[PDB]
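Data file: work.pdb. Format and content: PDB, C-alpha atoms and all ligand atoms.
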```pdb
ATOM      1  CA  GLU A 544     -38.015  53.768-135.734
ATOM      2  CA  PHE A 545     -41.584  55.052-135.752
ATOM      3  CA  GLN A 546     -43.275  56.113-132.518
ATOM      4  CA  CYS A 547     -46.787  56.871-133.742
ATOM      5  CA  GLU A 548     -49.374  57.432-131.020
ATOM      6  CA  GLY A 549     -52.121  55.707-133.038
ATOM      7  CA  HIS A 550     -54.589  58.438-134.046
ATOM      8  CA  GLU A 551     -52.459  60.024-136.778
ATOM      9  CA  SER A 552     -54.271  60.950-139.978
ATOM     10  CA  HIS A 553     -51.083  60.192-141.915
ATOM     11  CA  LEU A 554     -47.786  58.462-141.252
ATOM     12  CA  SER A 555     -45.885  61.693-141.959
ATOM     13  CA  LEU A 556     -47.294  63.174-138.732
ATOM     14  CA  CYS A 557     -45.383  60.739-136.538
ATOM     15  CA  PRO A 558     -42.548  61.214-134.034
ATOM     16  CA  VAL A 559     -39.537  59.448-135.527
ATOM     17  CA  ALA A 560     -36.641  58.293-133.359
ATOM     18  CA  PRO A 561     -33.698  57.697-135.731
ATOM     19  CA  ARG A 562     -31.158  55.193-134.493
ATOM     20  CA  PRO A 563     -27.562  55.616-135.695
ATOM     21  CA  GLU A 564     -26.648  54.157-139.067
ATOM     22  CA  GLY A 565     -27.034  50.385-139.230
ATOM     23  CA  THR A 566     -29.697  48.054-140.604
ATOM     24  CA  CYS A 567     -30.946  44.489-140.539
ATOM     25  CA  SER A 568     -30.760  42.193-143.547
ATOM     26  CA  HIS A 569     -33.356  42.297-146.310
ATOM     27  CA  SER A 570     -34.783  38.980-145.099
ATOM     28  CA  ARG A 571     -36.378  40.713-142.094
ATOM     29  CA  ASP A 572     -38.635  43.235-143.823
ATOM     30  CA  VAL A 573     -42.213  43.517-142.585
ATOM     31  CA  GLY A 574     -45.640  43.373-144.172
ATOM     32  CA  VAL A 575     -49.016  44.542-142.912
ATOM     33  CA  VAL A 576     -52.517  43.192-143.622
ATOM     34  CA  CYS A 577     -55.322  45.747-143.529
ATOM     35  CA  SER A 578     -58.974  44.643-143.609
ATOM     36  CA  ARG A 579     -60.471  45.612-146.943
ATOM     37  CA  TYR A 580     -59.776  42.315-148.696
ATOM     38  CA  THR A 581     -62.649  42.617-151.195
ATOM     39  CA  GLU A 582     -62.809  43.882-154.777
ATOM     40  CA  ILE A 583     -66.135  44.779-156.394
ATOM     41  CA  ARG A 584     -66.488  45.837-160.024
ATOM     42  CA  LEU A 585     -69.435  46.692-162.260
ATOM     43  CA  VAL A 586     -69.484  44.637-165.469
ATOM     44  CA  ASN A 587     -71.758  44.611-168.540
ATOM     45  CA  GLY A 588     -73.061  48.117-167.841
ATOM     46  CA  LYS A 589     -73.882  50.705-170.483
ATOM     47  CA  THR A 590     -72.706  53.621-168.318
ATOM     48  CA  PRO A 591     -70.011  53.667-165.610
ATOM     49  CA  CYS A 592     -72.479  54.356-162.788
ATOM     50  CA  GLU A 593     -74.429  51.121-163.388
ATOM     51  CA  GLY A 594     -73.370  47.550-164.046
ATOM     52  CA  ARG A 595     -73.663  43.926-163.057
ATOM     53  CA  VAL A 596     -72.086  43.472-159.628
ATOM     54  CA  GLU A 597     -69.263  40.938-159.382
ATOM     55  CA  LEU A 598     -66.774  40.053-156.669
ATOM     56  CA  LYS A 599     -63.526  38.148-157.163
ATOM     57  CA  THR A 600     -62.376  35.460-154.743
ATOM     58  CA  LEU A 601     -60.202  32.360-155.052
ATOM     59  CA  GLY A 602     -58.872  33.769-158.318
ATOM     60  CA  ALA A 603     -62.188  33.784-160.174
ATOM     61  CA  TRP A 604     -64.914  36.239-161.155
ATOM     62  CA  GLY A 605     -68.551  35.625-160.285
ATOM     63  CA  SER A 606     -71.782  37.565-159.990
ATOM     64  CA  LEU A 607     -73.667  38.375-156.798
ATOM     65  CA  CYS A 608     -77.216  37.200-156.116
ATOM     66  CA  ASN A 609     -80.347  39.324-155.772
ATOM     67  CA  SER A 610     -81.497  36.933-153.047
ATOM     68  CA  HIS A 611     -81.206  38.753-149.712
ATOM     69  CA  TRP A 612     -80.085  41.867-151.608
ATOM     70  CA  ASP A 613     -81.588  45.157-150.433
ATOM     71  CA  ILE A 614     -81.337  48.825-151.324
ATOM     72  CA  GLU A 615     -78.642  49.976-148.883
ATOM     73  CA  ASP A 616     -76.038  47.538-150.231
ATOM     74  CA  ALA A 617     -76.489  49.225-153.600
ATOM     75  CA  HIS A 618     -76.180  52.568-151.803
ATOM     76  CA  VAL A 619     -72.832  51.805-150.167
ATOM     77  CA  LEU A 620     -71.597  50.240-153.409
ATOM     78  CA  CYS A 621     -72.402  53.534-155.124
ATOM     79  CA  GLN A 622     -70.498  55.477-152.457
ATOM     80  CA  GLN A 623     -67.387  53.412-153.150
ATOM     81  CA  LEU A 624     -67.950  53.963-156.874
ATOM     82  CA  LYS A 625     -68.376  57.720-156.086
ATOM     83  CA  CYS A 626     -71.344  57.877-158.477
ATOM     84  CA  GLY A 627     -73.748  58.901-155.727
ATOM     85  CA  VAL A 628     -76.285  56.689-154.001
ATOM     86  CA  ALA A 629     -78.499  54.414-156.079
ATOM     87  CA  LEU A 630     -81.642  56.282-157.096
ATOM     88  CA  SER A 631     -83.409  52.977-157.752
ATOM     89  CA  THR A 632     -82.457  49.317-157.603
ATOM     90  CA  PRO A 633     -82.862  47.429-160.894
ATOM     91  CA  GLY A 634     -84.803  44.175-160.781
ATOM     92  CA  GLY A 635     -84.156  40.967-162.661
ATOM     93  CA  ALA A 636     -81.333  40.634-165.171
ATOM     94  CA  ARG A 637     -82.060  43.575-167.470
ATOM     95  CA  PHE A 638     -78.338  43.954-168.221
ATOM     96  CA  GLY A 639     -76.564  41.115-166.402
ATOM     97  CA  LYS A 640     -76.131  37.813-168.266
ATOM     98  CA  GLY A 641     -72.999  35.709-167.914
ATOM     99  CA  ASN A 642     -70.513  34.054-165.574
ATOM    100  CA  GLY A 643     -72.502  30.922-164.813
ATOM    101  CA  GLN A 644     -70.567  30.347-161.592
ATOM    102  CA  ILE A 645     -72.449  32.425-159.019
ATOM    103  CA  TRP A 646     -71.055  33.339-155.619
ATOM    104  CA  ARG A 647     -73.713  32.972-152.932
ATOM    105  CA  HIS A 648     -72.389  35.833-150.785
ATOM    106  CA  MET A 649     -75.074  37.985-149.167
ATOM    107  CA  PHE A 650     -74.105  41.310-147.619
ATOM    108  CA  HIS A 651     -75.681  42.694-144.442
ATOM    109  CA  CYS A 652     -74.895  46.409-144.496
ATOM    110  CA  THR A 653     -76.554  49.274-142.651
ATOM    111  CA  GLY A 654     -75.412  51.823-145.233
ATOM    112  CA  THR A 655     -73.675  54.223-142.849
ATOM    113  CA  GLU A 656     -70.271  52.887-143.917
ATOM    114  CA  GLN A 657     -68.528  54.536-146.860
ATOM    115  CA  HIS A 658     -66.902  51.447-148.429
ATOM    116  CA  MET A 659     -68.807  48.229-149.046
ATOM    117  CA  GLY A 660     -65.950  46.081-147.781
ATOM    118  CA  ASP A 661     -66.432  47.537-144.307
ATOM    119  CA  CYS A 662     -69.948  46.284-143.594
ATOM    120  CA  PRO A 663     -70.023  42.705-142.265
ATOM    121  CA  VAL A 664     -70.315  39.830-144.716
ATOM    122  CA  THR A 665     -71.635  36.337-143.999
ATOM    123  CA  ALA A 666     -71.497  33.727-146.742
ATOM    124  CA  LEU A 667     -70.693  30.345-145.190
ATOM    125  CA  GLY A 668     -73.419  27.806-145.841
ATOM    126  CA  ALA A 669     -75.647  30.113-147.876
ATOM    127  CA  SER A 670     -78.327  28.437-149.975
ATOM    128  CA  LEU A 671     -77.978  28.114-153.735
ATOM    129  CA  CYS A 672     -78.793  31.196-155.792
ATOM    130  CA  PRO A 673     -81.574  30.804-158.383
ATOM    131  CA  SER A 674     -80.570  31.655-161.929
ATOM    132  CA  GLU A 675     -81.304  35.092-163.451
ATOM    133  CA  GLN A 676     -81.350  36.525-159.893
ATOM    134  CA  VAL A 677     -77.985  38.259-160.287
ATOM    135  CA  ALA A 678     -77.775  41.534-158.375
ATOM    136  CA  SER A 679     -77.019  44.917-159.913
ATOM    137  CA  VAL A 680     -77.146  48.652-159.231
ATOM    138  CA  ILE A 681     -78.322  51.926-160.778
ATOM    139  CA  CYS A 682     -76.381  54.744-159.129
ATOM    140  CA  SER A 683     -77.455  58.373-159.351
ATOM    141  CA  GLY A 684     -74.469  59.693-161.272
ATOM    142  CA  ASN A 685     -75.024  63.085-159.629
ATOM    143  CA  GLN A 686     -72.033  62.799-157.245
ATOM    144  CA  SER A 687     -73.788  65.579-155.309
ATOM    145  CA  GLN A 688     -76.110  63.374-153.225
ATOM    146  CA  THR A 689     -75.212  62.175-149.728
ATOM    147  CA  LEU A 690     -76.928  59.709-147.419
ATOM    148  CA  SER A 691     -79.137  61.095-144.663
ATOM    149  CA  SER A 692     -80.993  59.523-141.761
ATOM    150  CA  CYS A 693     -84.756  59.110-141.943
ATOM    151  CA  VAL A 711     -86.613  59.526-150.635
TER     152      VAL A 711
ATOM    153  CA  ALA B 712     -14.772  82.254-109.671
ATOM    154  CA  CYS B 713     -18.198  80.881-110.568
ATOM    155  CA  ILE B 714     -20.570  78.175-109.456
ATOM    156  CA  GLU B 715     -20.332  77.314-113.184
ATOM    157  CA  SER B 716     -22.648  74.992-115.126
ATOM    158  CA  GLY B 717     -22.584  71.257-115.707
ATOM    159  CA  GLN B 718     -21.365  70.355-112.227
ATOM    160  CA  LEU B 719     -21.935  66.673-111.539
ATOM    161  CA  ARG B 720     -24.251  67.013-108.554
ATOM    162  CA  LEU B 721     -24.373  63.716-106.662
ATOM    163  CA  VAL B 722     -27.569  63.138-104.679
ATOM    164  CA  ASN B 723     -29.508  60.414-102.839
ATOM    165  CA  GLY B 724     -26.255  58.751-101.771
ATOM    166  CA  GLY B 725     -26.194  60.009 -98.204
ATOM    167  CA  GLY B 726     -22.640  61.296 -98.538
ATOM    168  CA  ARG B 727     -20.554  63.751-100.525
ATOM    169  CA  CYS B 728     -19.507  61.068-103.041
ATOM    170  CA  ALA B 729     -22.287  58.582-103.869
ATOM    171  CA  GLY B 730     -25.656  58.183-105.563
ATOM    172  CA  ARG B 731     -26.944  59.232-108.947
ATOM    173  CA  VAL B 732     -25.265  61.905-111.076
ATOM    174  CA  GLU B 733     -26.968  65.077-112.295
ATOM    175  CA  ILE B 734     -25.748  67.641-114.830
ATOM    176  CA  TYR B 735     -27.007  71.214-115.273
ATOM    177  CA  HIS B 736     -26.554  71.906-118.988
ATOM    178  CA  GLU B 737     -28.360  74.524-121.100
ATOM    179  CA  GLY B 738     -30.032  75.550-117.848
ATOM    180  CA  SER B 739     -31.492  72.120-117.113
ATOM    181  CA  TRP B 740     -30.777  69.460-114.489
ATOM    182  CA  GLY B 741     -30.647  65.950-115.917
ATOM    183  CA  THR B 742     -29.540  62.405-115.234
ATOM    184  CA  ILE B 743     -27.316  60.086-117.299
ATOM    185  CA  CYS B 744     -28.345  56.969-119.202
ATOM    186  CA  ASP B 745     -26.788  53.686-118.131
ATOM    187  CA  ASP B 746     -26.319  52.393-121.682
ATOM    188  CA  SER B 747     -22.853  50.808-121.770
ATOM    189  CA  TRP B 748     -21.892  52.422-118.466
ATOM    190  CA  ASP B 749     -18.263  51.510-117.838
ATOM    191  CA  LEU B 750     -16.102  51.432-114.737
ATOM    192  CA  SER B 751     -13.515  53.411-116.699
ATOM    193  CA  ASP B 752     -16.348  55.848-117.354
ATOM    194  CA  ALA B 753     -16.899  56.078-113.603
ATOM    195  CA  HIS B 754     -13.285  57.149-113.076
ATOM    196  CA  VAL B 755     -13.714  60.601-114.606
ATOM    197  CA  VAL B 756     -16.910  61.516-112.748
ATOM    198  CA  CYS B 757     -15.261  60.752-109.412
ATOM    199  CA  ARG B 758     -12.185  62.812-110.296
ATOM    200  CA  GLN B 759     -14.172  65.902-111.290
ATOM    201  CA  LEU B 760     -15.747  66.098-107.837
ATOM    202  CA  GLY B 761     -12.338  65.596-106.237
ATOM    203  CA  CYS B 762     -13.427  62.382-104.540
ATOM    204  CA  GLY B 763     -10.743  60.185-106.079
ATOM    205  CA  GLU B 764     -10.842  56.864-107.870
ATOM    206  CA  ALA B 765     -13.999  54.831-108.465
ATOM    207  CA  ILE B 766     -15.073  51.623-106.746
ATOM    208  CA  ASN B 767     -18.381  50.552-108.295
ATOM    209  CA  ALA B 768     -20.508  51.776-111.188
ATOM    210  CA  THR B 769     -24.203  50.936-110.965
ATOM    211  CA  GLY B 770     -27.012  51.137-113.489
ATOM    212  CA  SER B 771     -30.817  51.168-113.486
ATOM    213  CA  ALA B 772     -30.585  54.069-110.993
ATOM    214  CA  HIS B 773     -30.871  51.785-107.980
ATOM    215  CA  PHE B 774     -29.722  54.782-105.956
ATOM    216  CA  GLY B 775     -32.858  56.548-107.127
ATOM    217  CA  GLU B 776     -35.098  57.377-110.061
ATOM    218  CA  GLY B 777     -34.223  60.652-111.749
ATOM    219  CA  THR B 778     -37.193  62.873-112.525
ATOM    220  CA  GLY B 779     -35.293  65.137-114.912
ATOM    221  CA  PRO B 780     -34.857  64.692-118.653
ATOM    222  CA  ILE B 781     -32.249  62.244-119.906
ATOM    223  CA  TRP B 782     -29.292  64.206-121.212
ATOM    224  CA  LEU B 783     -26.491  61.895-122.384
ATOM    225  CA  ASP B 784     -26.693  58.414-123.860
ATOM    226  CA  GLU B 785     -24.276  55.506-124.360
ATOM    227  CA  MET B 786     -21.315  57.343-122.853
ATOM    228  CA  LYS B 787     -17.908  55.700-123.132
ATOM    229  CA  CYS B 788     -14.663  57.424-122.231
ATOM    230  CA  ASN B 789     -10.911  56.985-122.050
ATOM    231  CA  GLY B 790     -11.250  57.533-118.301
ATOM    232  CA  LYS B 791      -8.419  60.095-118.140
ATOM    233  CA  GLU B 792     -10.103  63.486-118.459
ATOM    234  CA  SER B 793     -11.049  66.499-116.370
ATOM    235  CA  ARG B 794     -14.189  67.656-118.219
ATOM    236  CA  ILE B 795     -17.048  65.163-118.259
ATOM    237  CA  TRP B 796     -18.471  66.429-121.558
ATOM    238  CA  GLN B 797     -15.219  65.458-123.291
ATOM    239  CA  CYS B 798     -16.127  61.778-123.311
ATOM    240  CA  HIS B 799     -16.910  59.667-126.355
ATOM    241  CA  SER B 800     -20.595  60.456-126.868
ATOM    242  CA  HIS B 801     -23.172  59.099-129.289
ATOM    243  CA  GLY B 802     -24.567  62.513-130.032
ATOM    244  CA  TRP B 803     -26.251  64.686-127.437
ATOM    245  CA  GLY B 804     -29.669  64.954-125.838
ATOM    246  CA  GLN B 805     -31.075  61.936-127.708
ATOM    247  CA  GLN B 806     -31.488  58.677-125.790
ATOM    248  CA  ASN B 807     -32.751  55.195-126.565
ATOM    249  CA  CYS B 808     -33.154  54.456-122.837
ATOM    250  CA  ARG B 809     -35.918  55.884-120.682
ATOM    251  CA  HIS B 810     -35.999  56.635-116.977
ATOM    252  CA  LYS B 811     -35.246  53.748-114.585
ATOM    253  CA  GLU B 812     -32.096  53.472-116.742
ATOM    254  CA  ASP B 813     -30.317  56.353-114.988
ATOM    255  CA  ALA B 814     -26.743  55.886-113.828
ATOM    256  CA  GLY B 815     -25.240  55.633-110.367
ATOM    257  CA  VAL B 816     -21.632  55.801-109.178
ATOM    258  CA  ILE B 817     -19.792  55.199-105.893
ATOM    259  CA  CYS B 818     -16.573  57.167-105.549
ATOM    260  CA  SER B 819     -13.374  56.564-103.585
ATOM    261  CA  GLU B 820     -14.619  57.784-100.193
ATOM    262  CA  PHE B 821     -18.247  57.249 -99.191
ATOM    263  CA  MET B 822     -17.744  56.527 -95.516
ATOM    264  CA  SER B 823     -20.348  54.533 -93.589
ATOM    265  CA  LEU B 824     -20.514  53.870 -89.840
ATOM    266  CA  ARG B 825     -22.109  50.751 -88.388
ATOM    267  CA  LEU B 826     -22.510  49.157 -84.970
ATOM    268  CA  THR B 827     -22.023  45.410 -85.300
ATOM    269  CA  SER B 828     -22.388  42.389 -83.046
ATOM    270  CA  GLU B 829     -22.043  38.723 -83.942
ATOM    271  CA  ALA B 830     -25.806  38.154 -83.814
ATOM    272  CA  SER B 831     -26.991  41.376 -85.470
ATOM    273  CA  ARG B 832     -25.545  43.121 -88.511
ATOM    274  CA  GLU B 833     -26.826  46.397 -87.052
ATOM    275  CA  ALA B 834     -27.302  46.515 -83.290
ATOM    276  CA  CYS B 835     -27.022  49.205 -80.657
ATOM    277  CA  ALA B 836     -24.000  47.673 -78.878
ATOM    278  CA  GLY B 837     -20.921  46.181 -80.503
ATOM    279  CA  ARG B 838     -17.838  47.116 -82.489
ATOM    280  CA  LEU B 839     -17.305  50.232 -84.592
ATOM    281  CA  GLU B 840     -16.642  49.748 -88.322
ATOM    282  CA  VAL B 841     -15.769  52.433 -90.883
ATOM    283  CA  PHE B 842     -16.246  52.246 -94.662
ATOM    284  CA  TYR B 843     -13.321  53.502 -96.747
ATOM    285  CA  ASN B 844     -12.178  52.657-100.278
ATOM    286  CA  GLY B 845     -14.813  49.939-100.464
ATOM    287  CA  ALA B 846     -13.656  48.214 -97.284
ATOM    288  CA  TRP B 847     -14.594  47.766 -93.623
ATOM    289  CA  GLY B 848     -12.268  48.352 -90.692
ATOM    290  CA  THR B 849     -12.158  48.709 -86.931
ATOM    291  CA  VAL B 850     -11.573  52.042 -85.205
ATOM    292  CA  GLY B 851      -8.839  52.992 -82.774
ATOM    293  CA  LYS B 852      -8.980  52.583 -79.012
ATOM    294  CA  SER B 853      -6.607  55.263 -77.743
ATOM    295  CA  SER B 854      -7.720  58.754 -76.695
ATOM    296  CA  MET B 855     -11.514  58.518 -76.790
ATOM    297  CA  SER B 856     -13.250  61.388 -75.026
ATOM    298  CA  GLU B 857     -16.790  61.080 -73.735
ATOM    299  CA  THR B 858     -17.840  63.531 -76.445
ATOM    300  CA  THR B 859     -16.273  61.274 -79.076
ATOM    301  CA  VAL B 860     -18.541  58.420 -78.040
ATOM    302  CA  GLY B 861     -21.435  60.853 -77.740
ATOM    303  CA  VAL B 862     -21.244  61.735 -81.422
ATOM    304  CA  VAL B 863     -20.998  58.117 -82.573
ATOM    305  CA  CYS B 864     -24.166  57.090 -80.743
ATOM    306  CA  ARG B 865     -26.064  60.126 -82.056
ATOM    307  CA  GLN B 866     -25.077  59.452 -85.672
ATOM    308  CA  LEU B 867     -25.983  55.765 -85.433
ATOM    309  CA  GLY B 868     -29.334  56.717 -83.923
ATOM    310  CA  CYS B 869     -29.274  54.446 -80.868
ATOM    311  CA  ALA B 870     -29.151  56.822 -77.897
ATOM    312  CA  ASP B 871     -28.372  60.368 -76.856
ATOM    313  CA  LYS B 872     -25.451  59.272 -74.657
ATOM    314  CA  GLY B 873     -23.129  56.282 -74.699
ATOM    315  CA  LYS B 874     -20.323  54.624 -72.780
ATOM    316  CA  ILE B 875     -17.254  52.581 -73.690
ATOM    317  CA  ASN B 876     -17.346  49.058 -72.530
ATOM    318  CA  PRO B 877     -13.875  47.696 -71.697
ATOM    319  CA  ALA B 878     -15.013  44.154 -72.480
TER     320      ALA B 878
HETATM  321 CA    CA C   1     -29.867  49.718-120.258
HETATM  322 CA    CA C   2     -18.406  53.350-121.927
HETATM  323 CA    CA C   3     -29.583  53.261-126.468
END
```

The structure given in the file should be rewritten as structure tokens.
Ligand SMILES: [Ca+2]
Ligand SMILES: [Ca+2]
Ligand SMILES: [Ca+2]
Amino acid sequence: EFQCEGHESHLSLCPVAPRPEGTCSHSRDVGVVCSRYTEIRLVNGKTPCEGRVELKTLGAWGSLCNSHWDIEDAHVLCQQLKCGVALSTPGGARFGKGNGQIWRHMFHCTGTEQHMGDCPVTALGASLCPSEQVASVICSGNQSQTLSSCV
Amino acid sequence: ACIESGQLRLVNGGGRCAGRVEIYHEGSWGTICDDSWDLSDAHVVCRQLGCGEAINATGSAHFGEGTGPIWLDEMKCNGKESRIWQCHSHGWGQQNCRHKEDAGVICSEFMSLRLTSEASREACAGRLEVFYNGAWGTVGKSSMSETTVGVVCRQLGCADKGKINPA
């Protein structure tokens, strides 16, 4: 039986109180649900640090919209990709063409967060995305650049 | 010829044989968990202190919370032993019960004196009852000196002096 205090960096640093031998049946095993719940991949990109941004939900792949897309969302996406923050945001569809079904999700992120799933997401009721307005990213590729408060 | 270690020190009971139990092992005073506390388990603890047999065995430390660390857990015993440590133990030092689960035991003789009338369970005039072997009984009439009554009143906390009423 675990007795973690809550601020442990790892589970191995936890006081364990071992009961004597004896177990419950396999039907009573437990499962946890962390809050990351979002997968983002770069598709149709010539180099790994840039690509068309897609997110998968309801068992389908679709591209994000440039509508209500700003620079810091590209920045935090780069941080998750570990390519280093986006030096510049590409405009239009210079390398993203496909997946006619377009998810209307728009991401409101400050950029301080390290993983793009962390920043809050609101998508219910969003207006239809115009065609060719699929979002993208051009990360630095330096891996040596970090975000700083206020190029 | 030693005070020795591990003596079952009984405290908070108000007598020589009552209250919670404490054990001084590895240089540390500690209480006893009430997990599966058994009356047959209470027989040995009473015998070690020379009190006698056991009347009641009480859990949750209603006699009193024990500040010390919990030492033994889930103790069961055959009930016929002289050394308390030689009882069927689930390990040592490790407990699944916290404080407020400490054990309490009442031994063969924990004598209590009360002054009883019909109206009041405890009053300052009435009959004299003595507690022995988990029972209540009247006290003798013959050969009662004035000092004998003087002690009874002082212990009961009613008055400095007292008198025998014939009625
Ligand atoms: Ca208990
Ligand atoms: Ca027992
Ligand atoms: Ca236990």

ask   = Residues at most 10 Å from range 857-866 of chain B, counting all atoms listed in the file, excluding those fewer than 3 positions away in the same chain, as a ChimeraX atom specification?
value = /B:824-826,835-836,839,854,869-875

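Residues in contact with ligand CA 3 (chain C) (atom pairs separated by at most 6 Å; only C-alpha atoms and all ligand atoms) are residues 746, 806, 807 and 808 of chain B.
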
inquiry  = What residues of the protein or nucleic acid chains come within 9 Å of ligand CA 1 (chain C) when you use only C-alpha atoms and all ligand atoms? Reply as JSON, numbers by chain.
reply    = {"B": [744, 745, 746, 747, 748, 770, 771, 807, 808, 809, 811, 812, 813]}

Output check: residues returned by the PyMOL selection byres (((chain A and resi 626) around 6) and not hetatm), as a list in words =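 Expected selection for the PyMOL selection byres (((chain A and resi 626) around 6) and not hetatm) here is residues 592, 621, 624, 625, 627, 682, 684 and 686 of chain A.
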
Who sits within 10 Å of residue 728 in chain B, all atoms listed in the file, same chain under 6 positions skipped, as a PyMOL selection string = chain B and resi 720-722+757+760-763+765+816-822

query = Could you pull the residues within 9 Å of range 603-612 of chain A, counting only C-alpha atoms, minus those fewer than 6 positions along the same chain, as a ChimeraX atom specification?
reply = /A:595-597,634-635,639,641-651,672-679
